[PDB]
Amino acid sequence: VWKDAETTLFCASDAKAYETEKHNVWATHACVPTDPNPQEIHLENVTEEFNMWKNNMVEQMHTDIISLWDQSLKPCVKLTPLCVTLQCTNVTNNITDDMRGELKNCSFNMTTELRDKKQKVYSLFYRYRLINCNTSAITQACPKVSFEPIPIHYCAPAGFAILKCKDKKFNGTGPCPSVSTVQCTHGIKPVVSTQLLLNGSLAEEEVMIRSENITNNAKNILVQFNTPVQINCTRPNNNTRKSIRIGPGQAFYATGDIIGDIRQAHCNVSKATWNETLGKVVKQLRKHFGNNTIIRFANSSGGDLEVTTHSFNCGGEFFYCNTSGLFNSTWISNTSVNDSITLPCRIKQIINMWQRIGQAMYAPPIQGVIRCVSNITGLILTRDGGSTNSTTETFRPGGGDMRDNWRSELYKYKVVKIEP
Amino acid sequence: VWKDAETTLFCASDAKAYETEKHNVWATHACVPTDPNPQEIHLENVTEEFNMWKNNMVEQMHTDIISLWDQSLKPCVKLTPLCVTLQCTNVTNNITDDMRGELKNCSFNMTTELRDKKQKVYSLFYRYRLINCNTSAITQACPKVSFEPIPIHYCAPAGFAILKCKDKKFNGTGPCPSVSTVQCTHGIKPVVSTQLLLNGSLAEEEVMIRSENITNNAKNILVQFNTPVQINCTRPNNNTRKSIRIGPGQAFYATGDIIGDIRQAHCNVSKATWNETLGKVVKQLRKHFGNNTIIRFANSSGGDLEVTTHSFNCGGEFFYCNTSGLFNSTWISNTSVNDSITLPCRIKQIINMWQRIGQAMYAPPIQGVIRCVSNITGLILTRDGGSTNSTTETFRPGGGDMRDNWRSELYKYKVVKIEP
Amino acid sequence: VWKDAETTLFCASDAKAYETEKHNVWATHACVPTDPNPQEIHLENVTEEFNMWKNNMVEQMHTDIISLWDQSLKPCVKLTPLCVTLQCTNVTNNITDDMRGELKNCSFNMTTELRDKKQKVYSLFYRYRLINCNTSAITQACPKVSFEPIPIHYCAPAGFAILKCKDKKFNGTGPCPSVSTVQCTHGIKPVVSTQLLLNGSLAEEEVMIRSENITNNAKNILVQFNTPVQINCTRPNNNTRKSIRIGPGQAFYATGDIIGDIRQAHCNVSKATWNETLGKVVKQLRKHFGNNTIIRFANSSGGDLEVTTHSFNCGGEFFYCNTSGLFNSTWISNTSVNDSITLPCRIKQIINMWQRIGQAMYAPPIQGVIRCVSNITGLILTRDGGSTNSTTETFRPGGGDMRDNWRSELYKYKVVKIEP
Ligand SMILES: *[C@@H]1O[C@H](CO)[C@@H](O[C@@H]2O[C@H](CO)[C@@H](O[C@@H]3O[C@H](CO[C@H]4O[C@H](CO)[C@@H](O)[C@H](O[C@H]5O[C@H](CO)[C@@H](O)[C@H](O)[C@@H]5O[C@H]5O[C@H](CO)[C@@H](O)[C@H](O)[C@@H]5O)[C@@H]4O)[C@@H](O)[C@H](O[C@H]4O[C@H](CO)[C@@H](O)[C@H](O)[C@@H]4O[C@H]4O[C@H](CO)[C@@H](O)[C@H](O)[C@@H]4O[C@H]4O[C@H](CO)[C@@H](O)[C@H](O)[C@@H]4O)[C@@H]3O)[C@H](O)[C@H]2NC(C)=O)[C@H](O)[C@H]1NC(C)=O
Ligand SMILES: *[C@@H]1O[C@H](CO)[C@@H](O[C@@H]2O[C@H](CO)[C@@H](O[C@@H]3O[C@H](CO[C@H]4O[C@H](CO[C@H]5O[C@H](CO)[C@@H](O)[C@H](O)[C@@H]5O)[C@@H](O)[C@H](O[C@H]5O[C@H](CO)[C@@H](O)[C@H](O)[C@@H]5O)[C@@H]4O)[C@@H](O)[C@H](O[C@H]4O[C@H](CO)[C@@H](O)[C@H](O)[C@@H]4O)[C@@H]3O)[C@H](O)[C@H]2NC(C)=O)[C@H](O)[C@H]1NC(C)=O
Ligand SMILES: *[C@@H]1O[C@H](CO)[C@@H](O[C@@H]2O[C@H](CO)[C@@H](O[C@@H]3O[C@H](CO[C@H]4O[C@H](CO[C@H]5O[C@H](CO)[C@@H](O)[C@H](O)[C@@H]5O)[C@@H](O)[C@H](O[C@H]5O[C@H](CO)[C@@H](O)[C@H](O)[C@@H]5O)[C@@H]4O)[C@@H](O)[C@H](O[C@H]4O[C@H](CO)[C@@H](O)[C@H](O)[C@@H]4O)[C@@H]3O)[C@H](O)[C@H]2NC(C)=O)[C@H](O)[C@H]1NC(C)=O
Ligand SMILES: *[C@@H]1O[C@H](CO)[C@@H](O[C@@H]2O[C@H](CO)[C@@H](O[C@@H]3O[C@H](CO[C@H]4O[C@H](CO[C@H]5O[C@H](CO)[C@@H](O)[C@H](O)[C@@H]5O)[C@@H](O)[C@H](O[C@H]5O[C@H](CO)[C@@H](O)[C@H](O)[C@@H]5O)[C@@H]4O)[C@@H](O)[C@H](O[C@H]4O[C@H](CO)[C@@H](O)[C@H](O)[C@@H]4O)[C@@H]3O)[C@H](O)[C@H]2NC(C)=O)[C@H](O)[C@H]1NC(C)=O
Ligand SMILES: *[C@@H]1O[C@H](CO)[C@@H](O[C@@H]2O[C@H](CO)[C@@H](O[C@@H]3O[C@H](CO[C@H]4O[C@H](CO[C@H]5O[C@H](CO)[C@@H](O)[C@H](O)[C@@H]5O)[C@@H](O)[C@H](O[C@H]5O[C@H](CO)[C@@H](O)[C@H](O)[C@@H]5O)[C@@H]4O)[C@@H](O)[C@H](O[C@H]4O[C@H](CO)[C@@H](O)[C@H](O)[C@@H]4O)[C@@H]3O)[C@H](O)[C@H]2NC(C)=O)[C@H](O)[C@H]1NC(C)=O
Ligand SMILES: *[C@@H]1O[C@H](CO)[C@@H](O[C@@H]2O[C@H](CO)[C@@H](O[C@@H]3O[C@H](CO[C@H]4O[C@H](CO[C@H]5O[C@H](CO)[C@@H](O)[C@H](O)[C@@H]5O)[C@@H](O)[C@H](O[C@H]5O[C@H](CO)[C@@H](O)[C@H](O)[C@@H]5O)[C@@H]4O)[C@@H](O)[C@H](O[C@H]4O[C@H](CO)[C@@H](O)[C@H](O)[C@@H]4O)[C@@H]3O)[C@H](O)[C@H]2NC(C)=O)[C@H](O)[C@H]1NC(C)=O
Ligand SMILES: *[C@@H]1O[C@H](CO)[C@@H](O)[C@H](O)[C@H]1NC(C)=O
Ligand SMILES: *[C@@H]1O[C@H](CO)[C@@H](O)[C@H](O)[C@H]1NC(C)=O
Ligand SMILES: *[C@@H]1O[C@H](CO)[C@@H](O)[C@H](O)[C@H]1NC(C)=O
Ligand SMILES: *[C@@H]1O[C@H](CO)[C@@H](O)[C@H](O)[C@H]1NC(C)=O
Ligand SMILES: *[C@@H]1O[C@H](CO)[C@@H](O)[C@H](O)[C@H]1NC(C)=O
Ligand SMILES: *[C@@H]1O[C@H](CO)[C@@H](O)[C@H](O)[C@H]1NC(C)=O
Ligand SMILES: *[C@@H]1O[C@H](CO)[C@@H](O)[C@H](O)[C@H]1NC(C)=O
Ligand SMILES: *[C@@H]1O[C@H](CO)[C@@H](O)[C@H](O)[C@H]1NC(C)=O
């Protein structure tokens, strides 16, 4: 007897990591070390039926990680008071292109100690007077933290197992020949991004495309790669940490010292991989739903900054990248058709977590010149509903609900229970 | 073996209701649906001894509901800051009877956004300058809530039962012939009122009077009816909801728009029922402790507004009703002796829950013209200690501890445990 | 089978005490009464091996009591706002010795009710204008509390026991002949002090010296006495309680009324006991590690006020005592060698609990003339690393981590588990 769908997930993690960093603090507090036994061991026959996209385990891991995020919001992060009005100026003494600025170094009036005293203080805002924040601001900061995803294992309890499709070619709703039962997963990393999977897991054989409804264009298409497309992101913006402890309740930072004239925040994607991978993707597409069609990739359709750009994190700052460089190639149905692609990005401090309960700020980006090298492990796509007179199919970057990213990770795990 | 008194109560509730309304939110969070099995099934003989007024289950349900009320106090309700001074005026441009006003439309100075800015704002106070609140003010309000009692079932756990006296005529301390054992109650509604039971449960046969000590006038007398006396309460006061979200931490309302000039807030009790019921009550009284006596009913003896009036709620506002109309009849011992009784009521926003930890405000009464039809299911009485030379007995409305209302509801449930 | 080290401790306590006092509130909330059975009963043979200083039970009781202290910090204690600047003066109108003052009666400006009104208010500071507090101030106060250690028993759960060395002469790392197993301890009192144990437990036979590493001078030496050295502490400082409730959120006190000109805060230690005890201690020392050496006792080496003085409490105020009177005797190796010792002490309101999360204030010391008689049950020592050419050994008062005080109390308890 195998019964499914039980919100019960054990956890596993730890080696050299402890506290400080918020991910490390979280894994430390919610996980125990693992054991290198796990045998799974598939048993002969025992079914061919499965459906990864109707897994409530995903929704569990999701709501869990979010609630944990609030549990991190509790102690140090400051929901108040200082955001009122900002006396900002610009570093531009001559100008072209009407740049203005995303980053501004500003002056302020700040409650320090005692009653109603102020001192002149530096403040930076990522996006002149006023302007403030809109109706909420939690400021994370904190003395000892950081933000790098840490491997988290999901295990089944006592009297429970987890079946796992080891079939390389799964239709997602469908015929699976090899079912095994593991007690605990290998350890999943919590990478929060859109459009591409960064870090994550690779396909064992060939590139695999997966959709909950290949006809319904509103449903996402998790495209998993057998190979990584490079992406090196260097944001050489510089900020010097100054945490002025002037008052008991108050804990204020001061960023925006020094110089260096860094261009925005910068990134690259490395293309050879992107050439073969995109060609092979249009190959898979044309060997699935797309039989004879020229495939075109336009950029994001529009929306919130988290939706229009590849919004991901390089350690707690929220990067937004113009994504035209990833999606600007028309793939000819007839046949297939040192330089690297350089993508324009921006660092944000003010992000909107949760629902609107509050905004989250990583206030003192420490040091400067911080490059994050990543492996493009993925694509999340939504199809642009087209016609058949166009003799072409258009595909756009979609996403937003990270639960889709977990289905893209939790695709081979379904918690099940055993009965005599 | 049957051992009693265990603070362990399972709960049951839900059908179409979900969240929003605070009662709905509570039942949703503290209850699971029920099953329409329950068989009770009385067993032949098995005792005649019981005592409803020494039940700690009542004290449990009570403390539970109150703690739950604080659990509702947590998220949205605002204990601070704005109550300081009020710049109020009156709508009276000509006058008789020196009415002044219970309700006032007032002007204020309000922290909106940023640092130390204000804007002119409407404010209403239910009860000229100043005056404020006394040393505490929690303001409930909230975007999605309401307040209507929701059926809550109390069940016994595993290895436990609940004996239930199905005897129609119980002396309260005494001889009960039919004991049954149910797993879960039919579902009790949390009606917070004094003097009368509103909604609640009716007596199966005749009117039943119940007292913990019929000699001790300090002990309450729960008079349960076999029939409901009508009470229709129309408060046609009008208030238009304006919730100005000016600042992140601040959430302010604005009531007191429009007009219609409604007299106070109004109510009615329907009398024919009240005639027969009161006659029958003096009948029961004269067939119990009152053998040969003329029975008179004077109004409340005095005290806090919650004690002098029939303080009940029509959806979160606290109504206070002049109760002379209910208790103004002298019942002659000799024999017995379309018009409806109309009662004067007032709506309050500022109530005192708990102990003095804080006052509770339902700040934006939404809409206007809100009529609540109710069934008078009850009387809670205290006797006026009289003499025997008066050749009369006087009875006054008492109450205050809602636990008495639960004994008036939890009268047929006593949690018990089973042993071999 | 006996396996050790399980963070599981049952608790026991209560007789006549209830709430109010914080210790009473704590024992009331975290303990159930006990039973006067406990039989322990040693069993013949069954080992000689033990090690009291590697007990994680101590660390458990410690972290528990501290977390409980924060749980007391929650409701009434005020982390804010009023500490800004103080307008203080002195009662000295003529002077010798440049005394200044530890205690000052001061004037202030205080938010009372409404918006931005103040009234002239008395304030006392234990340690002229300004000065305030440094970067945190929690103010305890509260309407109904106090602070006197209450006996707390530690018990082993189900399937667990606690072995107990009843050997009078234990080397601490070593050979123990009599092991017994109790379910619950006799009840340990939470005395927070340094250098001396006050209240606490006495040795059954002779004076016993105990060290984790008798060679390592950095390790503490818990010297347990078979007899108490007296210590009577009379602080006849007077303060009159005035709690002005001016505003809803605000709860302010007012101390520093009346007079009496009490000298600081005063104390005594009674010496005859101290004579024999110190002689016997140098006896034990010379019969252990000190074979032929003149033993000298200098005062505290320096540090925070909690480290330099015998920092203990007389009911919630933190006393600091000049400790030269305890350690000023050179003990001749050759042979041994009504007046009472009077020690100078100071009462503090501002103490630093925890880590630096915040300072704790007992704000209104109520009444005046409060004498606490105590039994000196102890010594915590650290050795001054000397030479062998000096032909003398010097010993200094050390301490600070109260866990050492619990090892000094939890010395005969090690929670263990049983297996077939
Ligand atoms: C608590 O207990 C107390 C008693 O202890 C109860 O107190 C009652 O409170 C209610 C609420 O206010 C009172 O109701 C109002 O009564 C007003 C006076 O009514 C008397 O006089 C009228 C003549 O105007 C008379 O018709 C009434 O008797 C009628 O009803 C009885 C049965 O009850 C019946 O036996 C009679 O035959 C009468 O029925 C005739 O008239 C009816 C209309 O009134 C017709 O429907 C029927 O077919 C027949 O022709 C009674 O003697 C009365 O004026 C008020 O009516 C107003 O306002 C109502 C809203 O509150 C609204 O619904 C009505 O339509 C009406 O509005 C119209 O008229 C007014 C002015 O009359 C205009 O301002 C409006 O603009 C509107 O105009 C329209 O109609 C005009 C005339 O036709 C026309 O010109 C115009 O063009 C428009 O078309 C209220 O009904 C009640 O009086 C109180 N009772 C007592 C004993 O004092 C209370 O019930 C109880 N509470 C509860 C919860 O139970
Ligand atoms: C801070 O202040 C500084 C000054 O202190 C200021 O400096 C400017 O910097 C910018 C960027 O380098 C310069 O912009 C470029 O100007 C080029 C030259 O334009 C002049 O000549 C044009 C014709 O030249 C063509 O043909 C001639 C043969 O005659 C040939 O030799 C040339 O090489 C070239 O082929 C002429 O059209 C132009 O005048 C136009 O505009 C003015 C108004 O500004 C108008 O009045 C005229 O009627 C006419 O429309 C001018 O005289 C220019 O070629 C170049 O344009 C190309 O590149 C841009 C992208 O960069 C394309 O958008 C465009 O389509 C062309 O492909 C570009 O515009 C500018 O010249 C400097 N200003 C001066 C005075 O030197 C900065 O703006 C300030 N900011 C900063 C941070 O530096
Ligand atoms: C953005 O802002 C960030 C800050 O938020 C800023 O960070 C800088 O990062 C760079 C690169 O890592 C640092 O540069 C290095 O600085 C080293 C330390 O220099 C300090 O101390 C010097 C002496 O130190 C010796 O002795 C001290 C004890 O006294 C001991 O602690 C040290 O370990 C060491 O033994 C001192 O001379 C120096 O001050 C010099 O310069 C200042 C002006 O800047 C001048 O006022 C002084 O008079 C003096 O000349 C400073 O106080 C330094 O050792 C090191 O130098 C070696 O390496 C470089 C190559 O990297 C060689 O060129 C050089 O010959 C040496 O071998 C190097 O210079 C810098 O310290 C950080 N700044 C801060 C504030 O921490 C980034 O620069 C900014 N980034 C951008 C993009 O703008
Ligand atoms: C806003 O301002 C307006 C004015 O702009 C003002 O209007 C008043 O409205 C009220 C309520 O309707 C009126 O009060 C009533 O007055 C009745 C008439 O009183 C006059 O006459 C009295 C004797 O009349 C009797 O006999 C005569 C024949 O002589 C006969 O026609 C009558 O029908 C009646 O039978 C007389 O006593 C009285 O004068 C008394 O008071 C004045 C001081 O005010 C004093 O100086 C006199 O010496 C004497 O004591 C007056 O001249 C009156 O009958 C009626 O009283 C009965 O009812 C009330 C309950 O309503 C009972 O309490 C009382 O016991 C009686 O049973 C009542 O008092 C008043 O007349 C209006 N004023 C004017 C100027 O017209 C309002 O006050 C303001 N407020 C609002 C919102 O409207
Ligand atoms: C408030 O104001 C009042 C005034 O209104 C003021 O009162 C002072 O109170 C203090 C404490 O009681 C007094 O201090 C003592 O003074 C003693 C006397 O000193 C005088 O005489 C000294 C010599 O006397 C010796 O020899 C004579 C014979 O000649 C013999 O009879 C005496 O008994 C004694 O043996 C003399 O040296 C001294 O003058 C010295 O100092 C002044 C400066 O002040 C300097 O100019 C001189 O050159 C010289 O150095 C003075 O004339 C004194 O004996 C005593 O000292 C002993 O005790 C202290 C400890 O208390 C030791 O530290 C010291 O080593 C000695 O053992 C002590 O100093 C003082 O006299 C009062 N002042 C007056 C004017 O009467 C307070 O200060 C104010 N405060 C309060 C709260 O009261
Ligand atoms: C430090 O400050 C604290 C305050 O925080 C202060 O505390 C005082 O503690 C002392 C000692 O315990 C108290 O002294 C006692 O006060 C008793 C009460 O006196 C009050 O009431 C008197 C009458 O009371 C009778 O009737 C009332 C009802 O009316 C009833 O409640 C009582 O129980 C009792 O039956 C009243 O006369 C008295 O006022 C007198 O004095 C004031 C000036 O102080 C004057 O203005 C009045 O006109 C009047 O003369 C006061 O209001 C009192 O009964 C008691 O007296 C008996 O015992 C003493 C010996 O102890 C005998 O000498 C005396 O003859 C009586 O037998 C005693 O005096 C005092 O009340 C506390 N103060 C406060 C504010 O509570 C300390 O003094 C300060 N300590 C230091 C070191 O400075
Ligand atoms: C998928 O979507 C299409 C419409 O886009 C619909 O026709 C089809 O029935 C859907 N499949 C499922 C399983 O709902
Ligand atoms: C970034 O570095 C990796 C190797 O670490 C390389 O494969 C990749 O091509 C680089 N990215 C670009 C755009 O050059
Ligand atoms: C990047 O994308 C935006 C829309 O998201 C588009 O308008 C813009 O032209 C693109 N930028 C580049 C460099 O192509
Ligand atoms: C607001 O304005 C009123 C006068 O309209 C004044 O009495 C009051 O002091 C003002 N309050 C503030 C916040 O200054
Ligand atoms: C009931 O109250 C009366 C006094 O009012 C008293 O005489 C009687 O003993 C009481 N009964 C009980 C059970 O206490
Ligand atoms: C209503 O009751 C109050 C006392 O609570 C009494 O003073 C008043 O006279 C009564 N009012 C009416 C309308 O009878
Ligand atoms: C309170 O008054 C003092 C002078 O008595 C002054 O120095 C101080 O600034 C005042 N504080 C406030 C709140 O203005
Ligand atoms: C005790 O400390 C001394 C150094 O002071 C060292 O020589 C000895 O090895 C230590 N013993 C243990 C058990 O570490």
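Reading the values: rules and limits
Residues numbered from 1 in each chain as written, not as in the entry; some residues may be left out. Chains lettered and ligands numbered in written order. Part of a larger assembly, values for the part shown. Heavy atoms only, no water. Residues with missing side-chain atoms left out of burial classes, pairs and counts. Pairing = 2+ DSSP bridges. Helix = DSSP H or I, 4+ residues; strand = E, 2+ residues; numbered from the N terminus. Disulfide = S-S within 2.5 Å. Contact = heavy atoms within 4.5 Å. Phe/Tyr/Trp six-rings, centres within 6.5 Å; stacked < 30°, edge-to-face > 60°. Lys NZ or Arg CZ within 6 Å of the ring centre and 35° of its normal. Polar contact = N/O pair within 3.5 Å; in protein donor to acceptor, adjacent residues only side chain to side chain. Salt bridge = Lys/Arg side-chain N within 4 Å of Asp/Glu carboxyl O.

In the annotation of the PDB entry, chain A is listed under the name BG505 SOSIP gp120 and assigned to Human immunodeficiency virus 1.

This part takes up the sheet that holds strand β18 (residues 294–296) of chain B. All names here are of chain B. The six strands are arranged β12-β13-β26-β27-β18-β21 in an open sheet whose pairing can be described as mixed. Strands at the two margins of the open sheet, each flanked by one partner only, are β12 (208–211) and β21 (330–331). Note: strand β26 (residues 379–384) against strand β27 (residues 392–397), four bridges, orientation antiparallel. When the sheet's bridge partners are listed, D384 is paired in β27 with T394.

A few words on the state of the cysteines. Here, disulfide denotes a covalent bond that connects the sulfur atoms of two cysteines. Between the sulfur atoms of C76(A) and its disulfide mate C142(A) the distance is 2.0 Å. Across a sulfur-sulfur distance of 2.0 Å, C233(C) and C267(C) are joined as a disulfide pair. Taking the torsion about the S-S bond as the criterion, the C233(C) to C267(C) disulfide, at about -45°, is left-handed. On the criterion of sequence distance, the pair formed by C233(C) in strand β14 (residues 229–238) and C267(C) in strand β17 (residues 265–270) is long-range, its members being 34 residues apart.

What follows covers the environment of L82(C). Residue and element names in this part refer to chain C. Checked against the element boundaries, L82 lands in the loop between α2 (56–73) and β3 (87–89). In the structure, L82 is positioned 51 residues away from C31 in sequence and 36 Å away in space, judged by C-alpha atoms. Contacts of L82, omitting those with residues within four sequence positions, involve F108, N109, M110 and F252.

All names here are of chain A. As judged from the four bridges shared by strand β10 (residues 160–165) and strand β28 (residues 414–418), these two strands associate in the antiparallel manner. Within the sheet, the bridge partner assigned to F160 lies in β28 and is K417. Summarising the sheet, β10 and strand β11 (residues 179–182) pair through four bridges and their orientation is antiparallel. Bridge pairing links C165 to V179 in β11.

Below, the discussion takes up the packing of aromatic side chains. Consider the rings of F312(B) and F319(B), whose centres lie 6.0 Å apart with planes at 20°: the pair is stacked. Note on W26(C) and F147(C): the rings are 6.2 Å apart at their centroids and 80° apart in plane angle, and the pair reads as edge-to-face. Lying across the ring of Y411(A), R210(A) places its NZ or CZ 4.3 Å from the centre.

Okay, the environment of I65(A) next. Residues and elements named next belong to chain A. Positionally, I65 belongs in helix α2 (residues 56–73). Distance in space between the C-alpha atoms of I65 and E40 is 26 Å, their sequence separation being 25 residues. Dropping the residues within four chain positions of it, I65 is found in contact with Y154 and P190.

Before going further, it helps to examine the side chain of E393(C). Residues and elements named next belong to chain C. Tracing the sequence through the fold places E393 in strand β27 (residues 392–397). Looking at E393, its side chain comes within polar contact range of the side chain of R383, at 3.1 Å. Residues within four places of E393 in sequence aside, it is in contact with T293, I294, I295, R296 and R383.

This part covers the pattern of salt bridges. The partner of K219(A) in a salt bridge is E212(A), with the nearest N and O atoms 3.8 Å apart. Between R383(C) and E393(C) there is a salt bridge, and its shortest N-O distance comes to 3.1 Å. Of this pair, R383(C) sits in strand β26 (residues 379–384) while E393(C) sits in strand β27, and the two are 10 residues apart along the sequence.

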